[PDB]
Amino acid sequence: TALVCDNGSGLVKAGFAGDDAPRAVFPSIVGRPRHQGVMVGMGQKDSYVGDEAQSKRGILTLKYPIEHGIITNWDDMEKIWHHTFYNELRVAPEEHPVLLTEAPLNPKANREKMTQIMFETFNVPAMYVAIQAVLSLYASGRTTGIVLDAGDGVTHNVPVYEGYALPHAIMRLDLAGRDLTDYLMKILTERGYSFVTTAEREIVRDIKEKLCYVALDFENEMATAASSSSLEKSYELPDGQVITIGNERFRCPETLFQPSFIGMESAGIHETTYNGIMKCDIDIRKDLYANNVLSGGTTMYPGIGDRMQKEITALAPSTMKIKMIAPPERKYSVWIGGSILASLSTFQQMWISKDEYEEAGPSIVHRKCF
Amino acid sequence: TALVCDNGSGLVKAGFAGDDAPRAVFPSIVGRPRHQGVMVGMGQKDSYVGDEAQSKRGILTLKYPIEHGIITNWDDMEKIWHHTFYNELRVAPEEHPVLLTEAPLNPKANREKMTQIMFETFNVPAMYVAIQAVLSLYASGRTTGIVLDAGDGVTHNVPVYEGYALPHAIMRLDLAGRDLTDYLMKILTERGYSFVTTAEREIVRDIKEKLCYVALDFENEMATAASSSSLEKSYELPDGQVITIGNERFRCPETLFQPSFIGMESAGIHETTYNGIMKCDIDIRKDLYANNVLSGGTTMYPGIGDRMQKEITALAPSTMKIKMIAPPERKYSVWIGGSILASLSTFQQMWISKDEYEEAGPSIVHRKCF
Amino acid sequence: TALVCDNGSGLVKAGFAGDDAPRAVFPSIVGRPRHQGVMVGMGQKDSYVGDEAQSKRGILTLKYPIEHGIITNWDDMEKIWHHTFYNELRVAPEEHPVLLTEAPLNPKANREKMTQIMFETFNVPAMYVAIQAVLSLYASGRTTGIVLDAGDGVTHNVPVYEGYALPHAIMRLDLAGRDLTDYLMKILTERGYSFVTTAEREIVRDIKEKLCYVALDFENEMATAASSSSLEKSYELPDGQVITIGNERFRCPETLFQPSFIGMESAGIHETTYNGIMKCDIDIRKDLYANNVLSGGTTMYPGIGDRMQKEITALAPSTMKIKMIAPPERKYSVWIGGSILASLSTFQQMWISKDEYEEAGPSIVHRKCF
Amino acid sequence: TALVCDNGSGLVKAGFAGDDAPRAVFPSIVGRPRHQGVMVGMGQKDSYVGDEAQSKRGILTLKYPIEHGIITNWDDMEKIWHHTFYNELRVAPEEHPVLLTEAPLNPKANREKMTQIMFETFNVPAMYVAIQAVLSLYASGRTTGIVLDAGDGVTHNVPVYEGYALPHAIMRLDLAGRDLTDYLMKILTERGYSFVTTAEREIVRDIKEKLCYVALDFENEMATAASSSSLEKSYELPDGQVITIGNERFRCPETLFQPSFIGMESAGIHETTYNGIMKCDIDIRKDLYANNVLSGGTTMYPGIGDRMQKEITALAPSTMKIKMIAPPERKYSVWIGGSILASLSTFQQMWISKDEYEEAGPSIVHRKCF
Amino acid sequence: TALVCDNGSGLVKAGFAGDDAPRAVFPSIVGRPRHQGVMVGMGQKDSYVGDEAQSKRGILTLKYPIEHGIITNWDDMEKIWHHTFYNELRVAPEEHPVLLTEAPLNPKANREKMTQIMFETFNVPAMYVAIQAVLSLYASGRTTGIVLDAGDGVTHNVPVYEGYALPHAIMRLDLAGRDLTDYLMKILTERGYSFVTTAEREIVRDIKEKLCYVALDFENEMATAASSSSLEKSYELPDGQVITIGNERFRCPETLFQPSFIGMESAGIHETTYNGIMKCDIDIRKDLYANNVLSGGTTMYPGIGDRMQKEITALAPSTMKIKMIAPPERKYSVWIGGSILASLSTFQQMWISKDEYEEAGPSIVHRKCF
Ligand SMILES: Nc1ncnc2c1ncn2[C@@H]1O[C@H](COP(=O)(O)OP(=O)(O)O)[C@@H](O)[C@H]1O
Ligand SMILES: Nc1ncnc2c1ncn2[C@@H]1O[C@H](COP(=O)(O)OP(=O)(O)O)[C@@H](O)[C@H]1O
Ligand SMILES: Nc1ncnc2c1ncn2[C@@H]1O[C@H](COP(=O)(O)OP(=O)(O)O)[C@@H](O)[C@H]1O
Ligand SMILES: Nc1ncnc2c1ncn2[C@@H]1O[C@H](COP(=O)(O)OP(=O)(O)O)[C@@H](O)[C@H]1O
Ligand SMILES: Nc1ncnc2c1ncn2[C@@H]1O[C@H](COP(=O)(O)OP(=O)(O)O)[C@@H](O)[C@H]1O
């Protein structure tokens, strides 16, 4: 069988070919002990990875090896891959071909080094590099549609029509769930709650995950929040302290719609999708208007679909029918398509093998993968 | 039975001998993918033809194998014939005679290679090539008249009398529906609408089909258009943008009457018809004055008959009676006449059979066809 | 005297009649503050225009009011004109005639509104709208030639012969320096350099102007660039980081020769030039084959003339003599030739006066200018 | 001295009396610009005539003032005479007698208005119009012969014996070099080269002048041209494109001998000559059989004399001696012969002087000339 | 006139507008008796404040109501403002507008309650709250630069450029002089010097003020301290005991560069500044590299400027010209900028009026202040 290992910015999701649920979903963390070990009989390990690092975070310093989808340090990243293959899959890569995902429009050295690490360090029999939006489109059981995929680090619109993607219409924006978490950290100081280290960064991430939702409108929702207490909710910290939050419940995800909140110049995801489809040819825009496919955890907020449909309808011409595909299982959808892709017979000749590698050099991946 | 398959410049119209309507009418286009395919499956083809190519046209490049009645790309034309016989009519030509149509004054290699392809690639038992406008007149049940046939690529006047075609009088002008469409594409930029590549050319062709007409008097029509908005009309694109066109409706067809709009020196359709008549002998001119038979979709613009009647009447002698035959089904006359002409018993000896072809080479069609 | 003011897509170039070089050459930018001001002073303005906008770009959003030769933002364009007249040239327009240039086949409402603003907001004594390529041909001191004028937004070919333009042979393509800049941004992410903001677009534009060149051949040059680092050059960002670029030096302008790179379908500028020369009557092609006139900033790449001469010669017949006119000062050509228009006496009857405007409405610009 | 100004259908040949060559030999065309002029600083004229119009033809529409030996555009013809006198011969008209030429059986108003505008617009002291073929005979230095003269617009046979021309046997046919060129244009489309404008008509005339000849036997030459490529020849357009033409080299001339090619009911020029002899009395026929003299550029085709030998010999009685008189300079005959006649003393009693015109009106040329 | 009142974490500085030396500067201390008072007299007061409390610290317990810039105990700090208004400045609140300062990213209730108390308990005519870093930059007489302001409780980097702040680039750390003095306690225990109660906190603060300096590089300085007796210095305690300190001279402020010394995870102030500018736009970073402004008492150490510059040159790229602006009077820099703002004419329109408060509640001071 085959392995699908989505190395997202925040969460690594891994599984075998054909399965409907991932055998692995864990944060992409490398943790190192920031204080001095004093217990010899118990001892310590130089670095902790995955959920193991995620439980004892009170002592560790946490590093994301993936930042905005670009691999920044390869050492901790290969440690994360070693975890995935050995500890959690308990599998030997040498007898299983590996499928990897990646955000569109990324530096070539990135995929270069992933190929080199897979084939030399891990010696995979074959390996492929694919685009996350295409895999999400596969997961939707469709062939025509525009994928708006926003993970932890990257958001991107990729429109595909009758299976032909349009690279000139691909739009990429480096503003995603991690930057939302950072904005939540910056704004939670408004009510006197201070979080400065990565460990409490994870608390703020959990807060955004459990409490935040996307309002249908901004200004009237601001008025309602400033006029009543019905919108304030309470959350219990790991120490037992209780924090009540109000408008910042929805001001965090709305950064996806007004990047100006975090000082970015580009427009929101609605406007980015609109431009990414306007760059498309006339005859297909219709089919794209009714096939807005969403993927990644950043679009799991309650009511995001209704807000974004309202926005597009406002910018769209009145006659058109805008229909948004928001599957309940979309935060695994990018992974899910990989499971289908690895199970497709007509893809079995698309793997990049060791044989072609050793003759074509590392630059092979760019004349066999889009 | 027999097959009648008008390979017009823009639309292929095909059917069986004897019917009152062609079984399949579809645009003569060949589309090839212009982008890179990312969905791996079993539905993508190297090239798409016919209406199926017309529907996905946003993502294909469209080539017309027929230009000004001259067949330019033989491979694609062969593909279009394969589509017509095997998919639309679902017939095996090897057991059916075929009637083909051709514009007058054409390169001899064109019909020689048509004959070669029919006799070798498709193994047609016998095939005839007929002048299109002669067939259109046979449709109207006459033996006398001047046929002014304007298809998509070529316009031509042939005056005939008692079944005797007069070779010294045929007038051929390479100014027809495609050039009108291109002129509309050039002049639509006046109102800010841009249509640059092959996909939207079909859209402009559709606007020309649904909204254009020929003015009775051009200058007063400009006065009306620049004085009020009663002639401005709105059309919706596939993407919902609503375009308003004013004079643009009638400036496109008048290119048939003032070729100088597109830079052509040859005179208009009316004067071309008048010259095609005045090149004839005198004692028959009268019968041609009252039997102006029009055909081809380029002649379905509302008011073409009345305007061209005014023009010829102006050029004609005063005591002469000018009458024009404008069948509501004229854009199919070229086909329907063939359905008649292929059914006449007096034809059954006019077919060019295989046996004579194998002994006379490609040159036989020159000494057995007008 | 008379004022000539080329409103190019990227750079506005202005001066008085007779001078051999534009007095004011500055980019066409309106910049607005994207951040909230905290130092309460008297120097902060709602919008900055020209070089003063260029310098402060790190804190402003830059908009071009001109896109692809069609003006989309009217008010900021009025502001840019306010800069040109009052600050750069320091001139009162009320008593100097103004010469304005425009790309061919532009929406008629565009020059309609330019004329309206000139005759109402600035009340110019008179103004003429000339076609840019004609003025550039003036600069060459000729009367016959095919001008390929490519600025920041528009690439257009005009053939003229003994000074008569052939309107049916005009060719226009909305792909120019701006689109090359955008492509350069899209492909600089290949090496890990990310440029997303409007100010950073300007930096990529400077990169393009400094380190890009046109390759004589493309495949062999790719082989060379992938074989050695001799083509890789270094450049410093305004913040001092050093970037090394290899093949991306010559992949950026090759879009002018393979628009399929950027997703457009229309052919490259060499094939567009060939089609433009082909649409003309036969007896003149020879003269145009040896009078290929280049203008605009888009054609200052080293070696563009040699490559495009190679291309035309490959398409052109063997006997024909291909000669290219690439003056060193061609960037200002459209300007300097206009200076001749204003200084040539037999033209002071071609101005559109206020007096005839007040009676003929804003439509007068149409029947006195090509 | 006197002026000989042969106003042929296509080529005007003018000069002084007594010279052996015409000083001015230029095409009789008027060209008008068919496009809009944009070069304000170049010396455009309303119309170009003569070789200057010949050069700029690629941008001009060409009108021939003379069709079939009859001036249809009189204003253009006065323009052509103005160029002849003031620009080519650079001679003051009022102080020089002028000798004009005319084909027989030409409508009387033609010569009437010729004389009128010579005596009123140009104030010529005296002129003379003569039958062109009579002057052609005078060139040959004979008093006997049947002159066949075929110019650009008219072919005609006149028999003259001892200086007595016999009007009742004079034959005229309106089939000449112009219709030859038109038929050449019609038949060049068989190989796929299309010439439609007046400019390309001139190119086709040049191909006619360079590559056509008269075949001794038609069907033998058809067999030779259909069996081998020995007869094909290649010609180069002003653009550098190359045509290859085979049998069309000898089909274009022979419509002289088989007018049914272009649909004329009249017999060939050989049969017309034989009829012109046969309508003559018996006693003189022999002298005309051996004295068939040719003139006019339409008779410059190689092999015309031998072919006329063969055909007339086939028609004429066997015991009669037949002889072609084809001087190498016969295409100047109509001019040079006049130079002799205008210098003969016996002429200066036969000029139509101004004085007798002022009393006899335009009709004087009728009773003082043949 | 207007009052400028900086409530720093450790030192309160209050004065009038326009002055150059603070009329009042004193520790923000509230002291309460900790023992039983046995003498019956008129001098024993419930609670002591400011300098006079700093004198009686022996029998007092001291409380800072400002901890990390956020106000905790409102009653004692209200007493503090009362003492500043009445005993220090000897003025009445009701007839003098007041300007207050606040660290960036500070909770909502802090400044709402500050404005509340000012406008109701003290009845100030008008109040304003501004950002300390901005006023410190005002002190430098500049309009562009990144301020690093480190007081007793809060350090923060705020980059601004031509009066426009970049809120996404503001960096705040709760590590300042108070934490430094606590660290100095924690490390003085090695040499047997013990300081536990709040009274000796002032002693150790005086020690830190009088003795510590920033080493150019930490490690060679540590080797020097462990190798020789050149550096240790003697301080005279209030009780007469003398202490000699060595490496603890430069270990105390090194915490600002390596917060891991006090268990914090964040990077040092050098890396904090470099990141804070890296968040800003590219086109501006160079300007900020030359305009590093240090302010507050925490950057008064000898040698801090050289070490900070050295570190930044290590992190910053090579060519950059890095300049640190360290005015000798920076301890009051944050104050004096207010003395400008309160006196600046353009600012007299920015105050929050009592009239506007009585309608908008506490929420007014937020939509008109940054
Ligand atoms: N219910 C939720 N609401 C809001 N955000 C969520 C939710 N679940 C996950 N996320 C965010 O989505 C981000 C991306 O996770 P995922 O969708 O797996 O893509 P990837 O891990 O590839 O970036 C996570 O960083 C997380 O913060
Ligand atoms: N209703 C209409 N009005 C105007 N033009 C039409 C109409 N219908 C068809 N046409 C044009 O006529 C052209 C030629 O079609 P047709 O008459 O069938 O001749 P052909 O044999 O070239 O297909 C088409 O390209 C189409 O653009
Ligand atoms: N030296 C150069 N090399 C390459 N490109 C250049 C150079 N100078 C200018 N350009 C490009 O040419 C574009 C247009 O230049 P210009 O001729 O001023 O056109 P416009 O008339 O639109 O102002 C600019 O956007 C710039 O990117
Ligand atoms: N060498 C030649 N071969 C074939 N045709 C010729 C040649 N020279 C001239 N002609 C044709 O003869 C025509 C008539 O020329 P010419 O004999 O001078 O009579 P005209 O007096 O009508 O000009 C010209 O139009 C030209 O096309
Ligand atoms: N010469 C000095 N050297 C080192 N630290 C100092 C010096 N002077 C003052 N400090 C420290 O600076 C801190 C902040 O004082 P100040 O600059 O007034 O800011 P604020 O009072 O606004 O917090 C004080 O707690 C003090 O410990």
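What counts and how
- Residues numbered from 1 in each chain as written, not as in the entry; some residues may be left out.
- Chains lettered and ligands numbered in written order.
- Heavy atoms only, no water.
- Helix = DSSP H or I, 4+ residues; strand = E, 2+ residues; numbered from the N terminus.
- Rg over C-alpha atoms; globule rule 2.2 N^0.38 Å.
- Buried < 20%, exposed > 50% of the residue type's maximum accessible area, 1.4 Å probe, protein only.
- Contact = heavy atoms within 4.5 Å.
- Areas by Shrake-Rupley, 256 points an atom, 1.4 Å probe, with all protein chains shown as cover.
- Buried area = accessible area lost by both parts, 1.4 Å probe.
- Salt bridge = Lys/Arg side-chain N within 4 Å of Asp/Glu carboxyl O.
- Near = heavy atom within 4 Å.
- Polar contact = N/O pair within 3.5 Å; in protein donor to acceptor, adjacent residues only side chain to side chain.
- Least-squares fit on C-alpha atoms.
- Pairing = 2+ DSSP bridges.
- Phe/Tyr/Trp six-rings, centres within 6.5 Å; stacked < 30°, edge-to-face > 60°.
- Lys NZ or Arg CZ within 6 Å of the ring centre and 35° of its normal.
- Axes fitted to C-alpha atoms, helices over the stretch in contact; angles between N-to-C directions.
- Parallel < 35°, antiparallel > 145°, perpendicular 65-115°, else oblique.
- Left-handed = near helix turned anticlockwise from the far one by under 90°.
- Nonpolar A, V, L, I, M, F, W, Y, C, P; charged D, E, K, R; others polar.
- Domains from an automatic or database assignment.

Deposited coordinates in this entry are attributed by the record to cryo-EM, at a stated resolution of 3.9 Å.

A. Representation of the overall build of chain A within the structure. On a plain count of helices and strands, chain A comes out with 13 helices and 19 strands. Whereas a compact globule of 370 residues would reach a radius of gyration of roughly 21 Å, chain A reaches 21 Å, a difference of no more than 12%. Principal-axis analysis of the C-alpha atoms places the extent of chain A at approximately 70 × 65 × 35 Å. A buried classification covers 57% of the 370 residues belonging to chain A. Of the contacts made within chain A by residues no fewer than 6 positions apart, 67% connect residues no fewer than 24 positions apart. Approximately 14800 Å² of chain A is accessible, and the part contributed by carbon and sulfur atoms is 53%.

B. Main features of the interface of chain D and chain C. Every contact between the two is made by 26 residues of chain D and, on the other side, 23 residues of chain C. Looking at the side of chain D facing chain C, the largest losses of area belong to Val38(D), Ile59(D) and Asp239(D), adding up to 28% of the total buried there. The tally of links between chain D and chain C comes to three salt bridges. The closest approach of N and O atoms between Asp239(D) and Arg285(C), which form a salt bridge, is 2.8 Å. Among the elements that take part in the side of chain D that touches chain C, helix α6 (residues 198-211) of chain D stands out by supplying three residues, more than any other.

C. Structural context of the interface of chain C and chain B. Facing the nine residues of chain C at the interface are eleven residues of chain B. Carbon and sulfur atoms supply 53% of the area buried between chain C and chain B, which totals about 880 Å² over both sides. The largest share of the area that chain C buries against chain B comes from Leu105(C), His168(C) and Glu265(C), three residues that together contribute 52% of it. In this assembly, chain C and chain B are joined by zero salt bridges.

D. The site of ligand 4, seen in detail. Residue and element names in this part refer to chain D. Taken together, 16 residues lie around ligand 4, and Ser9, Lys13, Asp152, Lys208 and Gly297 are the ones closest in. One of the backbone nitrogen or oxygen atoms of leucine 11 is found 3.0 Å away from an oxygen atom of ligand 4. Residue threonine 298 places a main-chain N or O atom 3.2 Å away from an oxygen atom belonging to ligand 4. Taken by itself ligand 4 offers 570 Å² of open surface, and the protein chains cover 89% of this. For the shell around ligand 4, the secondary structure elements donating two or more residues are β2 (11-16) and α6. In terms of residue count, α6 provides more of the shell around ligand 4 than any other element does, three residues in total.

E. Looking closely at the relation of the copies chain C and chain B. Superposition of chain C onto chain B requires a rotation of 166° combined with a translation of 27 Å along the rotation axis, giving an RMSD of 0.3 Å. The residues that chain C uses at the interface reappear at the interface of chain B in only 11% of cases, marking distinct surfaces.

F. Here's a closer look at the pairing of strand β1 (residues 3-7) of chain A. Residue and element names in this part refer to chain A. For β1, a buried count of five out of five residues is recorded, marking the element as mostly surrounded by other parts of the structure. Residues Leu3, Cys5 and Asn7 line one face of β1 and the alternating positions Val4 and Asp6 line the opposite face, and both faces are buried. Across three bridges, β1 lies against strand β9 (residues 98-102) in parallel orientation. In the sheet register, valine 4 faces β9, and the bridge partner there is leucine 99. As defined by bridge partners, β1 adjoins strand β2 (residues 11-16) across five bridges and the pair is classed as antiparallel. Within β2, the position partnered with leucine 3 by the bridge is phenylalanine 16. Linking two consecutive strands that pair antiparallel, namely β1 and β2, is a turn of three residues.

G. Here's a closer look at the environment of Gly305(C). All names here are of chain C. Tracing the sequence through the fold places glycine 305 in helix α11 (residues 304-315). Owing to a relative accessible area of 18%, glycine 305 belongs among the buried residues under this scheme. Residues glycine 305 and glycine 361, spaced 56 residues apart in sequence, show a C-alpha to C-alpha distance of 44 Å.

H. Spotlight on the packing of aromatic side chains. One pass over the full model with this rule turns up 41 aromatic pairs over all chains. Each ring, one from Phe85(B) and one from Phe122(B), has its centre 5.6 Å from the other, and the planes form 75°; the classification is edge-to-face. With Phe85(B) in helix α2 (residues 74-88) and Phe122(B) in the loop between α3 (108-121) and β11 (126-131), this pair connects stretches of sequence that are 37 residues apart. As far as burial versus exposure is concerned, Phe85(B) and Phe122(B) are alike and both buried. Between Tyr128(D) and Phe347(D), the ring centres sit 4.7 Å apart and the planes meet at 80°, which makes this aromatic pair edge-to-face. Of this pair, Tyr128(D) sits in strand β10 (residues 126-131) while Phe347(D) sits in the loop between α12 (333-343) and β19 (352-353); the two residues are 219 residues apart in sequence, bridging distant segments of the chain. Take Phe347(D): its relative accessible area is 1%, and that puts it in the buried class. For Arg178(C), the ring lying beneath its charged end belongs to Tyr64(C), and the centroid distance is 3.6 Å.

I. Quick look at the site of ligand 2. Residues and elements named next belong to chain B. Looking at ligand 2, there are 16 residues lining it, with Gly8, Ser9, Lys13, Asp152 and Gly297 nearest. In the environment of ligand 2, an oxygen atom lies 2.7 Å from a nitrogen or oxygen atom belonging to the side chain of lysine 13. One nitrogen or oxygen atom from the side chain of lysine 208 is found 3.2 Å from a nitrogen atom belonging to ligand 2. Its free accessible area being 560 Å², ligand 2 has 90% of it covered by the protein chains. Those elements giving two or more residues to the shell around ligand 2 turn out to be β2 (11-16) and α6 (198-211).

J. Representation of the packing of helix α9 (residues 269-278) of chain E against helix α11 (residues 304-315) of chain E within the structure. Residue and element names in this part refer to chain E. Put simply, α9 and α11 touch, their axes get as near as 9 Å, and they point 50° apart. Between α9 and α11, the crossing angle belongs to the class labelled oblique. Crossing angle aside, the handedness with which α9 passes α11 is right-handed. From α9, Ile269, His270, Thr273 and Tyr274 reach across to α11, where they touch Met308, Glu311, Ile312 and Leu315. Residue composition of the contact of α9 with α11, grouped by class: five nonpolar, two polar and one charged.

K. The arrangement of the domain arrangement of chain A in detail. Residue and element names in this part refer to chain A. What the domain assignment reports for chain A is domain 1 (3-134 + 332-360) and domain 2 (177-257). Summarising the inter-unit geometry, the C-alpha centres of domain 1 and domain 2 are found 31 Å apart. In this complex, domain 1 contributes twelve residues to the contact, which on the side of domain 2 involves eight residues. Of the roughly 840 Å² buried where domain 1 meets domain 2, counting both sides, 45% is carbon and sulfur surface. If you sort the residues of domain 1 by the area they bury against domain 2, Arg57, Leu62 and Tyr64 come out on top, with a joint share of 61%. The interface formed by domain 1 and domain 2 includes zero salt bridges. Between the two partners, domain 1 and domain 2, sit three residue pairs in polar contact. Mapped onto the side of domain 1 that touches domain 2, the elements with two or more residues apiece are β6 (60-63) and β7 (66-67). Across the side of domain 1 that touches domain 2, the residue classes break down as four nonpolar, five polar and three charged.

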